[PDB]
Amino acid sequence: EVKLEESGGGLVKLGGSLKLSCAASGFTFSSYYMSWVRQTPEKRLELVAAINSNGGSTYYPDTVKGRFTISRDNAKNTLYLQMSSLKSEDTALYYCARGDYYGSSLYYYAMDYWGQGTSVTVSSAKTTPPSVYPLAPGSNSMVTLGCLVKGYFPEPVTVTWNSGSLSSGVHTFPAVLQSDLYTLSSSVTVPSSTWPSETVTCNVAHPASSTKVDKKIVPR
Amino acid sequence: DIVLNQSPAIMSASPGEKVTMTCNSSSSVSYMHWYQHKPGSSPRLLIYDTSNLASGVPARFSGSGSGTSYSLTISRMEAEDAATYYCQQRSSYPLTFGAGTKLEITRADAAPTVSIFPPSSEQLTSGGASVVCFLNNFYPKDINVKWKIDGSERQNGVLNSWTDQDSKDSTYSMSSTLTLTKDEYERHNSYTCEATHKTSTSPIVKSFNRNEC
Ligand SMILES: CC(C)(c1cc(I)c(O)c(I)c1)c1cc(I)c(O)c(I)c1
């Protein structure tokens, strides 16, 4: 059983700096080539850096070489990736996968085990707490409701209906970025007998701004 | 930098159907890799060295190709294989990945369920007004939604958003939000939402008025 866990991602302004981490578990960490791979918002994969067994040789693409530093601590089973002079194209989900074994008789240059990744955003936009708006029909046995989470930054954002007790019929649409602000919406479908005869609440949470709002869907 | 063009960008396949996706390179490469990426999970090594399957991979996946053209083949498609596949070259540094091919599941056509919502009283206090119109559960993905204010159409101020193919029914849900100003909202009466889909030759119309309720 193997495990890879990242940590350290967040929001930084243009030119800032960050230091990520990679928790190795379930294998001899001092025997494999470790590297970092990111995923641009447009769903593109790019190698950012790689390191060998010990802290010897390292590799950095030209698009990153000169400002990212990839170190490792075999004694502590940890992989690091210093990030400095972060530009806009640096925003992405950074992974840390495992490379070839130290002695494989021949290298494959493939990454067989990845991680869940740590999101990193590089922007001069100011953290804006979102505004939650209830979506109710204005005057079918099924009724659709929803709440509007407009104007917030940065990602991510979470939403649940009736404290997670409403899994079916829920739809959380990916946010849209326009003018340095995100906007998300989520709909829920329930039987007409349950609303407005009962209470349907929308649970929104914004870790970035550290805000959490509960909103009911009153008729009319 | 070695450009790896994956074609096509998106494509659908039905269970039991044969799926073949290519990945051509601008320069000759010695070998080619393949990874499977699914939302909610991390990337997964699928094929290494052209035609070598990784550990615990069903035999339906097969790799081929040499020179400047590598192909990934799936004997018979299944819902378990609906994801995005990336190819990686291993002949020159840095190691580059292709654009990616998105594979969706093909199911029976489904009509969308439209629902329009007027702006809430909370947003009208801040000088803003957003009209939302949901289109839930339909197939295929492509669908056109149109807005109308007092009959006239509006194309500026709309923000659409689709959802990844659902794992249960394998349908697509799409949202549309038309944002305006409080003054401009309180300046008209009829707010309509039209939905034109493959299963809907004529548009599904949902609307409301400010002079009701
Ligand atoms: C990025 C690359 C190609 C590499 C790493 C180091 I450090 C170098 O000094 C050189 I030149 C090249 C590499 C990535 C992976 I992933 C591996 O498993 C192996 I072996 C090498």
# chains A, B, ... in the order shown; residues from 1 in each chain; ligands from 1

call {"tool": "residues_near_ligand", "arguments": {"ligand": "ligand 1", "cutoff": "6 Å", "atoms": "only C-alpha atoms and all ligand atoms", "output": "list in words"}}
result
residues 33, 35, 50, 51, 52, 57, 58, 59, 99, 100, 107, 109, 110 and 111 of chain A; 93 of chain B

call {"tool": "interface_residues", "arguments": {"of": "chain B", "to": "chain A", "cutoff": "9 Å", "atoms": "only C-alpha atoms", "output": "PyMOL selection string"}}
result
chain B and resi 33+35+40-46+48-49+54+86+88+90+93-100+115-123+130+132+134+136+159-164+173-175+177+208-210+212-213

call {"tool": "residues_around", "arguments": {"residues": "residue 75 (chain A)", "least_positions_apart": "4", "cutoff": "12 Å", "atoms": "only C-alpha atoms", "output": "ChimeraX atom specification"}}
result
/A:24,28-31,53-55,79

call {"tool": "atom_distance", "arguments": {"atom1": "CA of residue 218 (chain A)", "atom2": "CA of residue 128 (chain B)"}}
result
19.9 Å

call {"tool": "residues_around", "arguments": {"residues": "residue 183 (chain B)", "least_positions_apart": "4", "cutoff": "10 Å", "atoms": "only C-alpha atoms", "output": "list in words"}}
result
residues 124, 127, 128, 129, 187 and 188 of chain B

call {"tool": "atom_distance", "arguments": {"atom1": "CA of residue 4 (chain B)", "atom2": "CA of residue 26 (chain B)"}}
result
6.8 Å

call {"tool": "residues_around", "arguments": {"residues": "residue 102 (chain B)", "least_positions_apart": "5", "cutoff": "7 Å", "atoms": "only C-alpha atoms", "output": "PyMOL selection string"}}
result
chain B and resi 9-11+83-85

call {"tool": "write_last_selection", "arguments": {"atoms": "C-alpha atoms", "output": "short mmCIF file (atom, residue, chain, number, x, y, z; two decimals), in the first residue's frame"}}
result
data_model
loop_
_atom_site.label_atom_id
_atom_site.label_comp_id
_atom_site.auth_asym_id
_atom_site.auth_seq_id
_atom_site.Cartn_x
_atom_site.Cartn_y
_atom_site.Cartn_z
CA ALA B 9 -10.55 16.44 -28.36
CA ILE B 10 -13.82 14.80 -27.26
CA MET B 11 -15.67 11.67 -28.36
CA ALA B 83 -12.44 9.62 -18.43
CA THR B 84 -9.75 11.75 -20.10
CA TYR B 85 -6.62 10.05 -21.46
#

call {"tool": "residues_around", "arguments": {"residues": "residue 204 (chain A)", "least_positions_apart": "5", "cutoff": "9 Å", "atoms": "only C-alpha atoms", "output": "list in words"}}
result
residues 132, 147, 149, 157, 158, 159, 160, 161, 211, 212, 213, 214 and 215 of chain A

call {"tool": "write_last_selection", "arguments": {"atoms": "N, CA, C and O atoms", "output": "JSON list (two decimals), in the first residue's frame"}}
result
[["chain", "number", "residue", "atom", "x", "y", "z"],
["A", 132, "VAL", "N", -24.76, 34.81, -1.08],
["A", 132, "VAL", "CA", -25.66, 33.69, -1.34],
["A", 132, "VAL", "C", -27.07, 34.23, -1.57],
["A", 132, "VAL", "O", -27.60, 34.97, -0.73],
["A", 147, "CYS", "N", -29.77, 27.90, -5.05],
["A", 147, "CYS", "CA", -29.18, 29.10, -4.46],
["A", 147, "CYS", "C", -28.04, 29.58, -5.34],
["A", 147, "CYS", "O", -27.35, 28.79, -5.98],
["A", 149, "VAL", "N", -24.49, 31.53, -5.62],
["A", 149, "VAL", "CA", -23.28, 31.95, -4.92],
["A", 149, "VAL", "C", -22.45, 32.82, -5.85],
["A", 149, "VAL", "O", -21.57, 32.32, -6.57],
["A", 157, "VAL", "N", -15.22, 26.43, -3.40],
["A", 157, "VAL", "CA", -16.48, 26.72, -2.73],
["A", 157, "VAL", "C", -17.27, 25.42, -2.63],
["A", 157, "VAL", "O", -17.26, 24.61, -3.56],
["A", 158, "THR", "N", -17.94, 25.23, -1.50],
["A", 158, "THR", "CA", -18.72, 24.03, -1.24],
["A", 158, "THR", "C", -20.18, 24.39, -1.03],
["A", 158, "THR", "O", -20.51, 25.50, -0.58],
["A", 159, "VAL", "N", -21.07, 23.45, -1.35],
["A", 159, "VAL", "CA", -22.50, 23.65, -1.22],
["A", 159, "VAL", "C", -23.16, 22.32, -0.89],
["A", 159, "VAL", "O", -22.80, 21.28, -1.46],
["A", 160, "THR", "N", -24.11, 22.35, 0.04],
["A", 160, "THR", "CA", -24.90, 21.18, 0.39],
["A", 160, "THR", "C", -26.32, 21.62, 0.71],
["A", 160, "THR", "O", -26.56, 22.77, 1.10],
["A", 161, "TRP", "N", -27.27, 20.71, 0.53],
["A", 161, "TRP", "CA", -28.68, 20.98, 0.76],
["A", 161, "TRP", "C", -29.17, 20.20, 1.97],
["A", 161, "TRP", "O", -28.97, 18.98, 2.06],
["A", 211, "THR", "N", -15.94, 32.06, 5.45],
["A", 211, "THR", "CA", -17.34, 32.41, 5.65],
["A", 211, "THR", "C", -18.22, 31.20, 5.38],
["A", 211, "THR", "O", -17.89, 30.34, 4.55],
["A", 212, "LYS", "N", -19.35, 31.14, 6.08],
["A", 212, "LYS", "CA", -20.29, 30.04, 5.95],
["A", 212, "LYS", "C", -21.69, 30.59, 6.17],
["A", 212, "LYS", "O", -21.95, 31.23, 7.19],
["A", 213, "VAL", "N", -22.59, 30.34, 5.21],
["A", 213, "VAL", "CA", -23.93, 30.92, 5.22],
["A", 213, "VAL", "C", -24.95, 29.82, 5.02],
["A", 213, "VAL", "O", -24.75, 28.90, 4.21],
["A", 214, "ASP", "N", -26.05, 29.90, 5.76],
["A", 214, "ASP", "CA", -27.21, 29.03, 5.59],
["A", 214, "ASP", "C", -28.39, 29.87, 5.16],
["A", 214, "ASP", "O", -28.72, 30.87, 5.81],
["A", 215, "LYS", "N", -29.04, 29.48, 4.06],
["A", 215, "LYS", "CA", -30.14, 30.25, 3.49],
["A", 215, "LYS", "C", -31.31, 29.32, 3.21],
["A", 215, "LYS", "O", -31.14, 28.25, 2.63]]

call {"tool": "closest_residue", "arguments": {"among": "B:13, B:205, B:39, B:23", "to": "residue 65 (chain B)", "atoms": "only C-alpha atoms"}}
result
B:23

call {"tool": "atom_distance", "arguments": {"atom1": "CA of residue 178 (chain B)", "atom2": "CA of residue 203 (chain A)"}}
result
22.9 Å

call {"tool": "select_by_dssp", "arguments": {"residues": "region 20-185 of chain A", "states": "strand (DSSP E or B)", "output": "number ranges by chain"}}
result
A: 20-25, 32-39, 45-51, 58-59, 68-69, 72-73, 78-84, 92-101, 118-122, 128, 131-135, 142-153, 158-161, 170-177, 182-185

call {"tool": "closest_residue", "arguments": {"among": "A:2, A:181, A:93, A:122", "to": "residue 151 (chain A)", "atoms": "only C-alpha atoms"}}
result
A:181

call {"tool": "closest_residue", "arguments": {"among": "B:142, B:1, B:150, B:104", "to": "residue 198 (chain B)", "atoms": "only C-alpha atoms"}}
result
B:142
